[PDB]
Amino acid sequence: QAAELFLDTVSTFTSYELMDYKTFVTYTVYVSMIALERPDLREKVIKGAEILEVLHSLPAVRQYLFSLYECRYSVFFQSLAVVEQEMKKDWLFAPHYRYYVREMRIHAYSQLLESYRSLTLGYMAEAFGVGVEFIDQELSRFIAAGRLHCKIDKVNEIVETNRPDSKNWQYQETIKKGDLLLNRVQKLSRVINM
Amino acid sequence: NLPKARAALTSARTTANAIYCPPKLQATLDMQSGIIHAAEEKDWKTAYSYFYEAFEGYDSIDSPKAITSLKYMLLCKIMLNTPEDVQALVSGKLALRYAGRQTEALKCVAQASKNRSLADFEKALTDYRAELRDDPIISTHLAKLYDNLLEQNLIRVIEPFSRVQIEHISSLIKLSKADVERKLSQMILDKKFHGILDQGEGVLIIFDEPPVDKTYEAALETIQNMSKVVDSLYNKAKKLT
Amino acid sequence: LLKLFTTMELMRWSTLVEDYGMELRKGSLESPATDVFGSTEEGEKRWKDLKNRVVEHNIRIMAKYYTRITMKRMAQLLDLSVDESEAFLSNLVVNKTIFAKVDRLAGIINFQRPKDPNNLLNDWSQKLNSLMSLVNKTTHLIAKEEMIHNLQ
């Protein structure tokens with residue numbers, strides 16, 4: 196809903212309650228890199244007119260959007276850290292800056308693993324410069340938390356994707372919700388009679 | 182300075198209707214709208230139409246200004262490669278009105294748009310290098326072209342056989358791991374290319390089974406079925422107590 | 305000439321050079337060997353095209369027989385090099401006359417069938433064809449029972 200209600204953009208122009216609109220551009224662009232999907236991401240900025248000129252004035256913000264579509268991970272440890280610096284110095288973002296970091300990583304890791312079915316972390320160290328033990332525990336605590344389920348081999352330098360999440364799990368939500376829900380109408384059916 | 186050019190264009194917006202008659206402004210204002218927006222990468226075909234509307238207002242003006250005006254619009258036809266307005270413009274009497282030297286070299290440049298043909302494109306690239314210098318933005322014009330012509334050549338060699346070895350097929354594109362193979366991986370992200378590679382034996386295997394009519398039409402309704410019960414939970418709990 | 309077209313199979317390519325190499329000496333009329341094999345630059349193009357005709361007429365029947373084949377087996381059947389096989393597989397595949405999956409790492413290559421995504425076709429081919437012949441048994445079996453019982 197954040198990026199959805201932020202689609203007004205320049206239609207509100209600048210007001211005493213809207214402060215600097217360029218700061219509002221930084222607020223809507225930070226929520227757009229997550230909730231707005233990659234096909235829709237490039238669709239809004241490219242095809243957009245009034246929202247495109249305001250992001251072009253910021254070289255650091257515009258470079259991050261083009262690099263996100265470019266997928267190069269060498270600048271992500273740099274550009275996102277600069278964005279994280281703004282995330283630290285801005286109000287109301289103090290509790291929320293912890294999940295935002297890795298959320299853009301899995302957003303970049305989503306398209307990452309989709310490239311090859313067999314991937315080597317030595318190829319990851321190229322763009323990471325050089326991820327070895329850092330992405331080891333990183334991707335380990337991802338799959339453990341249910342973020343981008345994948346099989347990455349240790350010391351064999353192999354990543355396995357899969358995961359075919361459109362078959363087995365998509366049928367599980369049927370009976371999953373069908374357990375607690377139907378149990379509610381069970382007791383509710385035991386009300387009759389008395 | 183693009184922001185300064187937009188501020189200069191914004192000043193031309195209010196100045197167009199300020200005085201009595203432009204006399205020629207909106208024709209140039211639409212041309213200036215076909216420059217800053219061309220660098221802004223807003224839209225191609227519409228920006229190409231601004232060069233067409235400005236070319237209609239270019240009638241009966243200084244010829245040295247109109248001889249360099251076709252350098253921008255005919256090279257814009259090179260950038261798009263699918264303007265769909267080719268046959269309209271170049272077949273008319275206004276585009277062919279210039280018989281001069283430089284515009285005749287642009288006549289085959291407008292023909293190079295109908296050409297494409299990489300092997301021919303790499304050749305005329307040197308022959309037209311004189312016209313390449315007058316290109317306002319040299320990077321954006323030829324980069325999107327050559328990058329688009331890349332996958333245009335990629336879909337030709339991958340099409341005949343399902344799976345392809347990546348060592349031999351990359352020898353035609355002169356390199357493997359640096360950029361090209363990463364660009365084919367980006368095509369999978371954009372859905373334009375369906376397939377997977379193999380790093381060990383170096384073979385790109387194309388496999389697809391997109392349609393599933395059993396899973397998608399079912400699970401979506403079961404999730405909707407939950408909304409049918411949840412909306413009825415208001416009836417259930419309220420009638421009992 | 306017609307024997308190669310009907311029933312196909314294979315032949316020794318040098319034996320074709322034996323029959324069509326004597327047509328230069330054949331005659332009487334030497335004109336058929338003139339416009340074809342008499343021209344040096346035109347004939348060599350038709351000689352390599354003759355290689356393309358014998359290889360493509362085999363690929364068409366092999367597409368019906370595959371299933372699968374090994375790359376080393378294709379060279380000894382086509383009577384040419386494995387490198388020439390990749391060349392004859394390159395020019396025929398861009399003509400999209402036969403769909404093929406070429407895997408050069410393990411040597412296993414196959415002409416079609418596209419991964420066999422279908423299911424009901426195996427259930428339709430099996431049940432309809434076979435079982436209708438199984439139920440056609442009782443039809444003419446009791447008929448043949450009447451044929452044999454009207455005499456003995």
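Protein chains in written order, with the deposited numbering: chain Y, 196 to 389; chain X, 182 to 422; chain W, 305 to 456. Positions of the beta carbon are idealized from the N, C-alpha and C atoms, including for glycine.
For the beta strand (DSSP E) that contains residue i, what are its first and last residues?
i	result
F415/W	412 to 415
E232/Y	Where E232/Y is concerned, there is no enclosing beta strand (DSSP E), given that its DSSP letter is neither H nor E.
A404/W	404 to 406
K346/Y	346 to 348
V354/Y	353 to 355
Along chain C, in chain order, which residues have C-beta atoms closer than 9 Å to that of residue i?
i	result
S343/X	The structure shown contains no chain C; its protein chains are Y, X and W.
Which stretch, first to last residue, makes up the alpha helix (DSSP H) that contains residue i?
i	result
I369/X	361 to 370
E322/W	317 to 325
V439/W	436 to 453
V386/W	386 to 398
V410/X	397 to 421
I318/X	Unbroken run through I318/X: none, as it is neither H nor E.
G317/Y	316 to 323
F309/W	306 to 309
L381/W	375 to 382
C257/X	250 to 261
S272/X	267 to 272
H349/X	347 to 353
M366/W	344 to 369
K283/Y	271 to 284
Would you please verify whether the beta carbon of residue i is less than 7 Å from any beta carbon of chain X?
i	result
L445/W	no
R293/Y	no
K382/Y	no
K372/Y	yes
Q306/Y	yes
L376/Y	yes
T204/Y	no
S310/Y	yes
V240/Y	no
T369/Y	yes
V278/Y	no
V325/Y	no
I'd like to know if residue i contacts chain Y, where contact means its C-beta is closer than 7 Å to some C-beta of that chain.
i	result
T403/X	yes
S357/X	no
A400/X	yes
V267/X	no
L370/X	yes
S320/X	no
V410/X	yes
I350/X	no
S192/X	no
Using a Cβ-Cβ distance cut-off of 7 Å, determine whether residue i contacts chain W.
i	result
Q346/X	yes
Assuming contact is defined by CB atoms lying nearer than 7 Å, are residue i and residue j in contact in what I supplied?
i	j	result
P341/X	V397/W	yes
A255/Y	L231/Y	no
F403/W	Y370/W	no
residue 442/X	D211/X	No information on residue 442/X is available, as it lies outside the stretch 182 to 422 that chain X covers here.
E355/Y	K346/Y	yes
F201/Y	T223/Y	yes
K226/X	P264/X	yes
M407/X	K372/Y	yes
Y311/Y	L370/X	no
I347/X	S294/X	no
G411/W	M366/W	no
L250/Y	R257/Y	yes
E390/X	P418/W	no
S269/Y	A320/Y	no
Identify the contact partners of residue i in chain X, using a Cβ-Cβ distance below 7 Å as the criterion.
i	result
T218/Y	Ordered by position in chain X, no residue passes the 7 Å Cβ test against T218/Y, which lies about 17 Å from the chain.
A289/Y	What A289/Y touches in chain X: nothing, since even the nearest Cβ is about 33 Å away.
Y225/Y	Result: empty, since nearest Cβ-Cβ is about 22 Å, beyond 7 Å.
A244/Y	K223
Taking residue i as the query, report the chain W residues whose CB atoms sit under 7 Å from its CB, ordered along the chain.
i	result
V384/X	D407, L409
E390/X	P421
Mind pulling the chain Y residues with CB within less than 7 Å of residue i?
i	result
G215/X	Here the premise fails: no neighbours, minimum Cβ distance about 14 Å.
Which bits of chain Y does residue i rub up against, with CB to CB less than 8 Å?
i	result
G381/X	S313
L421/X	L383, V386
Below 8 Å on C-beta distance, what does residue i contact in chain X?
i	result
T221/Y	Going along chain X, no residue has its Cβ under 8 Å from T221/Y, so there is no contact; the nearest lies around 17 Å.
Where the region 411 to 438 of chain W meets chain X: residues whose CB sits under 9 Å from a CB there
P418, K419, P421
What residues from the region 384 to 402 of chain W come within 7 Å of chain X, judged by C-beta to C-beta, listed N to C?
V397, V398, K400
Please list, in chain order, the residues of the region 337 to 365 of chain Y that have any C-beta partner in chain X closer than 8 Å.
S361, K362, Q365
Taking any Cβ of chain X, which residues in the region 247 to 269 of chain Y have a Cβ under 8 Å from it, in chain order?
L247, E248, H251, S252, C266
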